[PDB]
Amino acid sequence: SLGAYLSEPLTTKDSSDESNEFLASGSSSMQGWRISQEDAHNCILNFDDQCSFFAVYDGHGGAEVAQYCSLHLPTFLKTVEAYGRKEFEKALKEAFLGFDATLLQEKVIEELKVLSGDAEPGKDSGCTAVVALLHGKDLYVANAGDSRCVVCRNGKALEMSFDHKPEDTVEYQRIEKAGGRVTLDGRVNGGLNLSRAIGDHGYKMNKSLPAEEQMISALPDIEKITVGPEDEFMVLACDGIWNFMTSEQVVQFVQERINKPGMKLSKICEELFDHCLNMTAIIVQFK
């Protein structure tokens, strides 16, 4: 009796829990022992005055751009013009596009090289990014890629993203106009299976077109809600989760566990991974 256990690689779960007076969070990330990390994340409860910041980045191969996002993206966001003006949808768009542009700078590439371990990081590597910014009770979610953010609203899953993949109609139209194609197995020009990312500048080299019209685009879709009594929690996770479970199923899985005595949010993430089995998830429970 060995079944699937045999083929399953050595992994470990790196978990954490924090709280403030306004929310509680837990996260876990699972990594295999001999295959490289691909994911990174942020969980910053004290991001700014009345503000918290959460994010999942997924390198789809190399980890350096994912890592670099977790190290520099939150701080870059605070510098954009619209951020001090409290126009958060505009700020998030400015931050993704502005930060993407920094990846072509020589000094930035030096750091990407260290993070990586004739590679051209930022050109031949990149990551999907989903970011949740909470400013008081106002929740803004920016998504560029196939990680997902789901809120439990009125006892039901509410997608705050806006998942993107090459076969999607809007994605395909952009890829088409930019001279690209999508193989039957969902790969842009037969290479990457992503349509939105930070980095991967090798797919952003049409000098005719603005940044947001490149085959692979760093432009996030943004959605806002105002969280109140009926918004119990949110989940950010990578495609490792959504490949196996729908938004509804995940919300129900979290609901089946969240107010159980002694249950840590990070532990729910771990159990989610088990049920599903580089896996990364964050649960934020709103007070």
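One-based numbering along the sequence shown.
Counting the deposited residues that fall between residue 117 and residue 118 and carry no coordinates gives a value of 4 to 9.
Count the deposited residues lacking coordinates between residue 277 and residue 278 and you get 10 or more of them. Note on 122 to 130 vs 148 to 156: mean CA B-factor is higher in 148 to 156. The PDB entry records a higher mean C-alpha B factor for 36 to 44 than for its counterpart among 64 to 72 and 36 to 44.
Take 184, 178, 109, 97 and read off each C-alpha B-factor from the entry; 184 has the highest.
Looking at the C-alpha B-factors along this chain, the one for residue 244 belongs to the highest third. Per the deposited record, the Cα B-factor of residue 79 falls in the middle third when ranked against the other modelled residues of its chain. The PDB entry assigns residue 238 a C-alpha temperature factor belonging to the lowest third of its chain's modelled residues. Ranked within its chain, residue 59 lands in the lowest third, by CA B factor from the PDB record. The PDB entry assigns residue 204 a C-alpha temperature factor belonging to the lowest third of its chain's modelled residues.
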